[PDB]
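**Q** Hey, dropping input33.txt in here, compact mmCIF, N, CA and C atoms:
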```txt
# COMPACT_ATOMS: atom_id res chain seq x y z
N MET W 1 3.50 3.99 -4.99
CA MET W 1 3.92 4.68 -3.76
C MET W 1 2.74 5.37 -3.13
N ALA W 2 3.00 6.10 -2.06
CA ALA W 2 1.99 6.88 -1.42
C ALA W 2 2.44 8.33 -1.41
N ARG W 3 2.34 8.93 -2.56
CA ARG W 3 2.65 10.31 -2.75
C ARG W 3 1.70 10.82 -3.83
N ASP W 4 1.88 12.03 -4.29
CA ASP W 4 1.04 12.57 -5.32
C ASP W 4 1.63 12.24 -6.67
N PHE W 5 0.80 12.21 -7.67
CA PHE W 5 1.23 11.94 -8.99
C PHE W 5 0.60 12.94 -9.91
N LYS W 6 1.44 13.70 -10.54
CA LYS W 6 1.06 14.81 -11.36
C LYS W 6 0.97 14.35 -12.80
N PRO W 7 0.07 14.91 -13.60
CA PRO W 7 0.08 14.64 -15.02
C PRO W 7 1.40 15.17 -15.58
N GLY W 8 2.21 14.29 -16.07
CA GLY W 8 3.51 14.66 -16.52
C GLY W 8 4.61 14.12 -15.61
N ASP W 9 4.23 13.55 -14.46
CA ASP W 9 5.21 13.02 -13.49
C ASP W 9 5.81 11.74 -14.04
N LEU W 10 6.99 11.42 -13.60
CA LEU W 10 7.75 10.32 -14.15
C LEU W 10 7.68 9.13 -13.24
N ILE W 11 7.20 8.02 -13.75
CA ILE W 11 7.00 6.86 -12.91
C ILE W 11 7.41 5.55 -13.60
N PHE W 12 7.25 4.52 -12.86
CA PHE W 12 7.36 3.18 -13.30
C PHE W 12 6.01 2.57 -13.13
N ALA W 13 5.54 1.99 -14.16
CA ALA W 13 4.24 1.44 -14.20
C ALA W 13 4.33 -0.05 -14.20
N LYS W 14 3.66 -0.64 -13.27
CA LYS W 14 3.68 -2.03 -13.11
C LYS W 14 2.35 -2.63 -13.58
N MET W 15 2.44 -3.56 -14.52
CA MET W 15 1.30 -4.29 -15.03
C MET W 15 1.50 -5.77 -14.79
N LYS W 16 0.43 -6.52 -14.78
CA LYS W 16 0.51 -7.95 -14.56
C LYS W 16 1.20 -8.62 -15.75
N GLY W 17 2.34 -9.24 -15.50
CA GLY W 17 3.08 -9.93 -16.55
C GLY W 17 4.22 -9.08 -17.07
N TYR W 18 4.28 -7.87 -16.59
CA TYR W 18 5.29 -6.94 -16.99
C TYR W 18 6.03 -6.45 -15.77
N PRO W 19 7.32 -6.16 -15.91
CA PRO W 19 8.09 -5.56 -14.84
C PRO W 19 7.70 -4.09 -14.70
N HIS W 20 8.17 -3.44 -13.66
CA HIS W 20 7.94 -2.02 -13.49
C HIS W 20 8.55 -1.29 -14.71
N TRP W 21 7.71 -0.75 -15.55
CA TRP W 21 8.09 -0.20 -16.84
C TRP W 21 8.13 1.32 -16.75
N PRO W 22 9.14 1.96 -17.34
CA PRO W 22 9.23 3.42 -17.32
C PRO W 22 8.06 4.05 -18.07
N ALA W 23 7.26 4.82 -17.38
CA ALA W 23 6.10 5.39 -17.94
C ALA W 23 5.85 6.77 -17.36
N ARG W 24 5.00 7.51 -17.98
CA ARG W 24 4.69 8.83 -17.50
C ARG W 24 3.25 8.84 -17.07
N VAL W 25 2.93 9.61 -16.06
CA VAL W 25 1.55 9.84 -15.75
C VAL W 25 1.09 10.78 -16.84
N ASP W 26 0.17 10.35 -17.63
CA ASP W 26 -0.20 11.07 -18.82
C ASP W 26 -1.37 12.01 -18.51
N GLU W 27 -1.85 12.71 -19.50
CA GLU W 27 -2.97 13.58 -19.30
C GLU W 27 -4.22 12.91 -19.79
N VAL W 28 -5.36 13.48 -19.50
CA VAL W 28 -6.62 12.86 -19.88
C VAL W 28 -6.77 12.87 -21.38
N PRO W 29 -6.89 11.69 -21.96
CA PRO W 29 -7.01 11.55 -23.37
C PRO W 29 -8.40 11.95 -23.87
N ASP W 30 -8.45 12.40 -25.10
CA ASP W 30 -9.68 12.80 -25.72
C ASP W 30 -10.54 11.57 -25.94
N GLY W 31 -11.77 11.66 -25.50
CA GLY W 31 -12.67 10.55 -25.62
C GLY W 31 -12.86 9.85 -24.30
N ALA W 32 -11.94 10.07 -23.37
CA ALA W 32 -12.04 9.45 -22.07
C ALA W 32 -13.04 10.20 -21.20
N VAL W 33 -14.25 9.72 -21.21
CA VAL W 33 -15.33 10.29 -20.40
C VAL W 33 -15.39 9.64 -19.02
N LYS W 34 -14.42 8.81 -18.76
CA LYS W 34 -14.35 8.12 -17.51
C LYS W 34 -13.72 8.96 -16.39
N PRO W 35 -14.40 9.07 -15.24
CA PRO W 35 -13.86 9.75 -14.06
C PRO W 35 -12.71 8.93 -13.44
N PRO W 36 -11.96 9.51 -12.47
CA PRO W 36 -10.89 8.81 -11.78
C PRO W 36 -11.38 7.48 -11.23
N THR W 37 -10.66 6.46 -11.56
CA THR W 37 -11.03 5.09 -11.24
C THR W 37 -10.13 4.59 -10.10
N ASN W 38 -9.37 5.54 -9.53
CA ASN W 38 -8.27 5.31 -8.55
C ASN W 38 -7.05 4.86 -9.31
N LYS W 39 -7.18 4.95 -10.62
CA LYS W 39 -6.17 4.70 -11.56
C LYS W 39 -5.94 5.97 -12.32
N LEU W 40 -4.76 6.14 -12.73
CA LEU W 40 -4.29 7.30 -13.44
C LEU W 40 -3.94 6.90 -14.86
N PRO W 41 -4.01 7.84 -15.82
CA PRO W 41 -3.58 7.56 -17.19
C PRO W 41 -2.06 7.41 -17.23
N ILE W 42 -1.60 6.30 -17.71
CA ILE W 42 -0.19 6.01 -17.74
C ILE W 42 0.28 5.78 -19.16
N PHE W 43 1.22 6.55 -19.57
CA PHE W 43 1.81 6.46 -20.89
C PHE W 43 3.09 5.66 -20.82
N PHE W 44 3.10 4.53 -21.46
CA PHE W 44 4.31 3.70 -21.50
C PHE W 44 5.31 4.18 -22.52
N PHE W 45 6.53 4.33 -22.10
CA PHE W 45 7.59 4.74 -22.99
C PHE W 45 8.13 3.56 -23.77
N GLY W 46 8.68 3.85 -24.92
CA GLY W 46 9.26 2.86 -25.82
C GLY W 46 8.23 2.02 -26.57
N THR W 47 7.02 1.95 -26.09
CA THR W 47 5.96 1.30 -26.83
C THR W 47 4.89 2.32 -27.18
N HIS W 48 4.86 3.41 -26.40
CA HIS W 48 3.95 4.54 -26.59
C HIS W 48 2.49 4.17 -26.31
N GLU W 49 2.31 3.13 -25.53
CA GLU W 49 1.01 2.65 -25.13
C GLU W 49 0.46 3.50 -24.00
N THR W 50 -0.77 3.29 -23.64
CA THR W 50 -1.36 4.00 -22.55
C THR W 50 -2.24 3.04 -21.76
N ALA W 51 -2.16 3.15 -20.48
CA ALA W 51 -2.87 2.28 -19.55
C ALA W 51 -3.40 3.08 -18.39
N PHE W 52 -4.05 2.39 -17.46
CA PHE W 52 -4.56 3.01 -16.26
C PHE W 52 -4.11 2.22 -15.05
N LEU W 53 -3.23 2.80 -14.29
CA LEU W 53 -2.69 2.17 -13.10
C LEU W 53 -2.81 3.13 -11.95
N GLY W 54 -2.90 2.62 -10.75
CA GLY W 54 -3.13 3.48 -9.61
C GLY W 54 -1.86 4.00 -9.04
N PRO W 55 -1.94 4.95 -8.08
CA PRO W 55 -0.76 5.56 -7.45
C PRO W 55 0.10 4.52 -6.71
N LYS W 56 -0.51 3.40 -6.42
CA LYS W 56 0.17 2.34 -5.74
C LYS W 56 0.79 1.36 -6.73
N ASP W 57 0.29 1.38 -7.96
CA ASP W 57 0.81 0.51 -9.03
C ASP W 57 2.04 1.12 -9.62
N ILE W 58 2.16 2.40 -9.42
CA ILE W 58 3.23 3.16 -9.98
C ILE W 58 4.20 3.63 -8.91
N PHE W 59 5.41 3.79 -9.31
CA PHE W 59 6.47 4.22 -8.45
C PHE W 59 7.25 5.27 -9.19
N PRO W 60 7.64 6.35 -8.54
CA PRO W 60 8.33 7.47 -9.20
C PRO W 60 9.71 7.12 -9.73
N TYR W 61 9.90 7.42 -11.01
CA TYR W 61 11.10 7.09 -11.75
C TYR W 61 12.34 7.67 -11.10
N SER W 62 12.19 8.81 -10.50
CA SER W 62 13.28 9.48 -9.85
C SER W 62 13.86 8.67 -8.67
N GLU W 63 13.02 8.32 -7.71
CA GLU W 63 13.46 7.60 -6.53
C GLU W 63 13.87 6.18 -6.86
N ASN W 64 13.19 5.60 -7.80
CA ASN W 64 13.44 4.20 -8.12
C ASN W 64 14.11 3.96 -9.45
N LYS W 65 14.81 4.97 -9.93
CA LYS W 65 15.68 4.86 -11.13
C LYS W 65 16.80 3.86 -10.85
N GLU W 66 17.16 3.73 -9.59
CA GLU W 66 18.15 2.78 -9.21
C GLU W 66 17.59 1.38 -9.18
N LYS W 67 16.34 1.29 -8.77
CA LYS W 67 15.68 0.03 -8.57
C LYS W 67 15.26 -0.58 -9.88
N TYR W 68 14.43 0.14 -10.59
CA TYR W 68 13.77 -0.40 -11.75
C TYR W 68 14.37 0.15 -13.01
N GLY W 69 15.30 1.06 -12.84
CA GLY W 69 16.01 1.62 -13.95
C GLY W 69 17.11 0.68 -14.41
N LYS W 70 16.71 -0.52 -14.81
CA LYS W 70 17.63 -1.54 -15.27
C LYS W 70 17.16 -2.17 -16.57
N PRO W 71 18.10 -2.32 -17.53
CA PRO W 71 17.83 -2.92 -18.84
C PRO W 71 17.07 -4.24 -18.76
N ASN W 72 16.06 -4.32 -19.55
CA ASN W 72 15.19 -5.42 -19.50
C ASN W 72 15.27 -6.21 -20.75
N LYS W 73 14.47 -7.23 -20.81
CA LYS W 73 14.43 -8.13 -21.92
C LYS W 73 13.11 -7.93 -22.65
N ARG W 74 12.43 -6.87 -22.26
CA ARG W 74 11.23 -6.45 -22.92
C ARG W 74 11.58 -5.35 -23.92
N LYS W 75 11.13 -5.49 -25.15
CA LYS W 75 11.33 -4.44 -26.12
C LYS W 75 10.46 -3.24 -25.74
N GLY W 76 10.97 -2.05 -25.98
CA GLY W 76 10.26 -0.85 -25.61
C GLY W 76 10.63 -0.38 -24.23
N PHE W 77 11.06 -1.30 -23.39
CA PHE W 77 11.42 -0.99 -22.03
C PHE W 77 12.70 -0.17 -22.02
N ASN W 78 13.69 -0.70 -22.67
CA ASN W 78 15.03 -0.10 -22.71
C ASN W 78 15.02 1.15 -23.53
N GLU W 79 14.18 1.15 -24.52
CA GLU W 79 14.00 2.28 -25.40
C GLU W 79 13.26 3.37 -24.63
N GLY W 80 12.32 2.94 -23.81
CA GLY W 80 11.58 3.83 -22.98
C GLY W 80 12.41 4.40 -21.86
N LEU W 81 13.39 3.62 -21.37
CA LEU W 81 14.34 4.09 -20.35
C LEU W 81 15.04 5.34 -20.84
N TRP W 82 15.28 5.39 -22.13
CA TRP W 82 15.89 6.53 -22.74
C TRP W 82 14.89 7.67 -22.87
N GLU W 83 13.71 7.38 -23.43
CA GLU W 83 12.68 8.39 -23.64
C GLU W 83 12.32 9.11 -22.38
N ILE W 84 12.07 8.38 -21.32
CA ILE W 84 11.62 8.99 -20.08
C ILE W 84 12.71 9.86 -19.43
N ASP W 85 13.95 9.56 -19.72
CA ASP W 85 15.05 10.25 -19.06
C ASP W 85 15.52 11.43 -19.91
N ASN W 86 15.25 11.38 -21.21
CA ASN W 86 15.67 12.45 -22.12
C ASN W 86 14.50 13.30 -22.56
N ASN W 87 13.51 12.68 -23.16
CA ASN W 87 12.36 13.43 -23.62
C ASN W 87 11.07 12.82 -23.09
N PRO W 88 10.75 13.03 -21.80
CA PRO W 88 9.57 12.40 -21.16
C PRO W 88 8.22 12.93 -21.66
N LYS W 89 8.27 13.95 -22.47
CA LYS W 89 7.08 14.58 -23.00
C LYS W 89 6.86 14.15 -24.45
N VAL W 90 7.46 13.03 -24.81
CA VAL W 90 7.40 12.55 -26.16
C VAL W 90 6.08 11.86 -26.50
N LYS W 91 5.39 12.41 -27.45
CA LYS W 91 4.22 11.83 -28.01
C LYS W 91 3.96 12.49 -29.33
N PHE W 92 3.02 11.97 -30.06
CA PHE W 92 2.69 12.50 -31.36
C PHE W 92 1.65 13.61 -31.21
N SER W 93 1.18 14.11 -32.32
CA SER W 93 0.18 15.15 -32.33
C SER W 93 -1.15 14.60 -31.82
```
Could you rewrite the structure in this file as structure tokens?
**A**
Amino acid sequence: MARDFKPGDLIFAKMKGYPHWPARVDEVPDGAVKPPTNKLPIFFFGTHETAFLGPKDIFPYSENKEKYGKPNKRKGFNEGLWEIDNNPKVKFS
């Protein structure tokens, strides 16, 4: 979208080969000495992966919960649909 994306904001992250996946805009990970690449740190729910997608690659989970908030055939997706909606701050130590 064309809005702001906060670390901790709830989005759908779109990757090549993957549908818009429920993900969180994550915070800067330790070891990441890389400046903003026009991509933001994206934490994938249900798989707990992390990627870098831009504000245009991502769409806010709130507005598009109707759109992309649909059960998928990807593992981690449906599980992540739950995580992002219940405990979006879920990660390990």
**Q** Calculate how many Å separate atom C of residue 76 of chain W from atom CA of residue 60 of chain W, rounding to one decimal.
**A**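 Pair atom C of residue 76 of chain W / atom CA of residue 60 of chain W returns 17.1 Å.
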**Q** Find, counting only C-alpha atoms, the residue in W:32, W:23, W:58, W:90 that gets nearest to residue 78 of chain W.
**A** W:23
**Q** Would you give the centre and edge lengths, in Å to one decimal, of a box along x, y and z around the listed atoms of segment 80-84 of chain W, with 6 Å added to each side, as JSON?
**A**
```
{"center_x": 13.7, "center_y": 6.4, "center_z": -21.6, "size_x": 16.3, "size_y": 18.9, "size_z": 16.4}
```
**Q** Where does DSSP see helix (DSSP H, G or I) in chain W, if you list the residues as a list in words?
**A**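 Of chain W, only residues 77, 78, 79, 80, 81, 82, 83, 84, 85 and 86 of chain W fall in helix (DSSP H, G or I).
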**Q** Can you pull out the residues contacting segment 45-49 of chain W? Cut-off 8 Å, using all atoms listed in the file, and skip same-chain residues under 3 positions away; I want them as JSON, numbers by chain.
**A** {"W": [21, 22, 23, 24, 42, 75, 76, 77, 78, 79, 80, 81, 82, 83, 84, 90, 91]}
**Q** If I take atom CA of residue 2 of chain W and atom CA of residue 73 of chain W, how far is one from the other in Å, to one decimal?
**A**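 Interatomic distance, atom CA of residue 2 of chain W to atom CA of residue 73 of chain W: 28.3 Å.
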**Q** Interatomic distance between atom CA of residue 51 of chain W and atom N of residue 15 of chain W?
**A**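 Computing it gives 9.4 Å between the two atoms.
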**Q** Can you pull out every residue from chain W that DSSP, working from the backbone, puts in strand (DSSP E), and format the result as a VMD selection string?
**A** chain W and resid 10 to 13 21 to 25 40 to 44 50 to 53 58 to 60
**Q** Smallest atom-to-atom distance to residue 41 of chain W: which of W:54, W:13, W:7, W:26, using all atoms listed in the file?
**A**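 Closest to residue 41 of chain W of all the choices is W:26.
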**Q** Give the answer as one residue: which of W:89, W:28, W:53, W:14 has the shortest atom-to-atom distance to residue 40 of chain W, using only C-alpha atoms?
**A** W:53
